[PDB]
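Participant: Numbering (the deposited numbering), first residue to last: 4 to 361.
Using N, Cα and C, we set each Cβ at its ideal position, and we do this for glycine too.
Below is the structure I would like to discuss, written out as structure tokens.
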Ligand SMILES: *[B]([O])([O])[C][N]C(=O)/C(=N\OC([C])([C])C([O])=O)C1=[C]SC([N])=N1
């Protein structure tokens, strides 16, 4: 724990926790490929349980990075192709608006306006078929980007079908295990409950509620140690022994579309380093992050650019997370909190910290 890291982290995080009234928080700073941990406050205010390196946090949308990579792994295995139409893996989708909508589109939120949230009323697998069949695009495929759980979530569900495995089983076997993320779960087992932090929303303790496509779009829980390890894997996919997993990771960082100065990958979103902090900070605000925007296809997709600021925000009703790394610098950071505080404040803290380290 070099004093340099120690100092920036505390100079930055301390005012952050106090300004946003964050109950508990864990931070991992990956400097030169090595992880450094810091923890603050409570995992459970009522039971006086402190946040520790073993505490599980709801990752929220950061879960999409795992989905993008698992999907990339499927492509690498030859099981699916991003150019394949959605209907090849779901022949039941017969509504004409699906012609021309590929897995690339679902994966990158460019199908033409799929909503951010899957309606609450959608429960059964037939309830989901009905939803997609009736959904009407506001735009032609591959022309507009609208960040949505219903889009990349569907991608994740379809991507694992050829494997014959269930989404959780596929995730575990192909991503969590190889990478030794042994305290990362889609479903927290009873044995681990004691490490599961409570999220906080307006003073009330809450955990994520079951929902359609939840596992695929925002349902992973993890500890600061595993997330640090997840960052290390996306920083250096070459150190990864499983051939298809290594490719998948790289495929998740390929640049498929560009909007503003941001490029869409599979789950991960990227910008060229050096970046203008104002651009990632203001751009992380939902004002922009959830807004519908025109996208320029990158034909063909640019392979993962090492000099990139790669990141993803994440949130549930009671949690707020952020992951950002610069491959070229072997530099990264993970910020986990059991409070959904504003994205801009997250990115600003990560920026000050990482910028201070090169
Ligand atoms: B991801 O975290 O970017 C997607 N997030 C969500 O789907 C959830 N909340 O995001 C919104 C609704 C924009 C918010 O209020 O911040 C979400 C999933 S489960 C849950 N309770 N909230």
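1. Would you grab the beta carbon distance between residue 167 and residue 70 for me? Rounded to a whole angstrom, and I think it's under 8 angstroms.
2. Would you mind working out which of 36, 100, 267, 179 sits nearest residue 360, comparing C-alpha positions?
3. Check whether the Cβ atoms of residue 225 and residue 59 sit closer than 8 angstroms, and answer yes or no.
4. Report buried or exposed for residue 13, applying the criterion of at least 16 other Cβ atoms within 10 angstroms of its Cβ.
5. Whose CA, out of 111, 4, 352, lies closest to the CA of residue 41?
6. Classify residue 319 as buried or exposed, calling it buried when 16 or more other Cβ atoms lie within 10 Å of its own Cβ.
7. Using three-state DSSP, classify residue 224 as helix, strand or coil.
8. Keeping to the same chain, check which residues put their C-beta closer than 6 angstroms to that of residue 116; ignore five residues upstream and five downstream.
9. If residue 315 sits next to residue 270, beta carbons under 8 angstroms apart, how far is it from one beta carbon to the other, in whole angstroms?
10. Check whether the segment 265-282 touches the segment 217-235, taking contact to mean three or more Cβ pairs, one atom from each stretch, closer than 8 angstroms.
11. In terms of DSSP beta bridges, what is residue 324 paired with?
12. At the level of alpha carbons, what is the spacing between residue 151 and residue 10?
13. I want to check one thing, is the minimum distance from the CB of residue 325 to the heavy atoms of ligand 1 below 7 angstroms?
14. For the structure I just gave you, are there three or more beta carbon pairs, one from the segment 18-32 and one from the segment 340-359, closer than 8 angstroms?
15. What does a CB cutoff of less than 8 angstroms around residue 112 pick up in its chain, not counting 5 residues either side in sequence?
16. For a quick check, are the C-beta atoms of residue 73 and residue 107 less than 8 angstroms apart?
17. Do you know how far the Cα of residue 128 is from the Cα of residue 55?
18. Helix, strand or coil: how does DSSP classify residue 147 here?
19. Tell me whether residue 203, by its Cβ, gets closer than 7 angstroms to a heavy atom of ligand 1.
20. Suppose only complete runs of 4+ residues qualify. What are the alpha helix (DSSP H) ranges in the segment 185-222, listed by chain order?
21. Can you list, in chain order, the residues of its chain whose CB lies under 6 angstroms from that of residue 136, leaving out five sequence neighbours each side?
22. Let me check you understand the geometry: is the CB of residue 120 closer than 7 angstroms to at least one non-hydrogen atom of ligand 1?
Facilitator: Put simply:
1. On the chain shown, residue 167 is found 164 positions in, with the first residue counted as 1. On the chain shown, residue 70 is found 67 positions in, with the first residue counted as 1. By a beta-carbon distance limit of 8 angstroms, residue 167 does not contact residue 70. Their separation comes to about 18 angstroms.
2. Here residue 360 is taken as the residue at index 357 of the chain shown, counted from 1. The shortest C-alpha separation from residue 360 is found at 36.
3. As a working note, residue 225 is residue 222 in the chain shown. As a working note, residue 59 is residue 56 in the chain shown. Here residue 225 is near residue 59, since their CB atoms are less than 8 angstroms apart.
4. As a first step, residue 13 must be located in the chain shown, where it is residue number 10. Here residue 13 is exposed: its Cβ has fewer than 16 other Cβ atoms, across all protein chains shown, within 10 Å.
5. What you label residue 41 is simply residue 38 of the chain shown in a count that begins at 1. Residue 41 has its Cα closest to that of 4, out of 111, 4, 352.
6. Residue numbering aside, residue 319 sits at position 316 when the chain shown is read from its first letter. Buried, by the Cβ-count rule.
7. Start at 1 with the first residue of the chain shown, and residue 224 comes out as number 221. In the displayed model, residue 224 falls within a strand according to three-state DSSP.
8. Counting from 1 along the chain shown, the entry for residue 116 is found at position 113. By the criterion of a C-beta distance shorter than 6 angstroms, residue 116 is surrounded in its chain by 140, 141, 142, 149, once the five residues flanking it on both sides are discounted.
9. Against the chain shown, residue 315 aligns to sequence position 312. Against the chain shown, residue 270 aligns to sequence position 267. So it is a contact: roughly 7 angstroms between Cβ atoms.
10. In short, these stretches do not touch, since the Cβ pair count stays below three.
11. Start at 1 with the first residue of the chain shown, and residue 324 comes out as number 321. Paired residues: 317, 339.
12. Along the chain shown, read from residue 1 onward, the residue named residue 151 stands at position 148. Along the chain shown, read from residue 1 onward, the residue named residue 10 stands at position 7. Rounded to the nearest angstrom, the two C-alpha atoms are 37 angstroms apart.
13. Translated into positions along the chain shown, residue 325 becomes position 322. Residue 325 Cβ: outside cutoff for every heavy atom of ligand 1.
14. The way I'd put it, the segment 18-32 does touch the segment 340-359; three or more beta-carbon pairs between them come closer than 8 angstroms.
15. Within the chain shown, numbered from 1, the residue matching residue 112 stands at position 109. Sequence-distant partners of residue 112 (beyond 5 residues in either direction) whose C-beta falls short of 8 angstroms from its own C-beta, in its chain, are 148, 149, 150, 151, 154, 155, 267.
16. To locate residue 73, count along the chain shown from 1; it is residue 70. To locate residue 107, count along the chain shown from 1; it is residue 104. Residue 107 is positioned such that its CB atom lies no closer than 8 angstroms to that of residue 73.
17. Numbered from 1 along the chain shown, position 52 holds the residue referred to as residue 55. Numbered from 1 along the chain shown, position 125 holds the residue referred to as residue 128. Each residue's Cα considered, the two are about 38 angstroms apart.
18. As a first step, residue 147 is located in the chain shown; it is residue number 144 there, counting from the start. In this structure, residue 147 counts as strand in the three-state DSSP scheme.
19. For the purposes of this step, residue 203 is identified with residue 200 of the chain shown, where counting begins at 1. Checking the Cβ of residue 203 against ligand 1 gives no.
20. If we require 4 residues or more, the alpha helix (DSSP H) runs fully inside the segment 185-222 come out as 217-221.
21. Here residue 136 is taken as the residue at index 133 of the chain shown, counted from 1. Take residue 136, set aside five residues on each side of it, and the residues of its chain with a beta-carbon closer than 6 angstroms to its own are 98, in chain order.
22. Position 117 of the chain shown, counted from the first residue, corresponds to residue 120. True, at least one ligand heavy atom lies under 7 angstroms from that Cβ.
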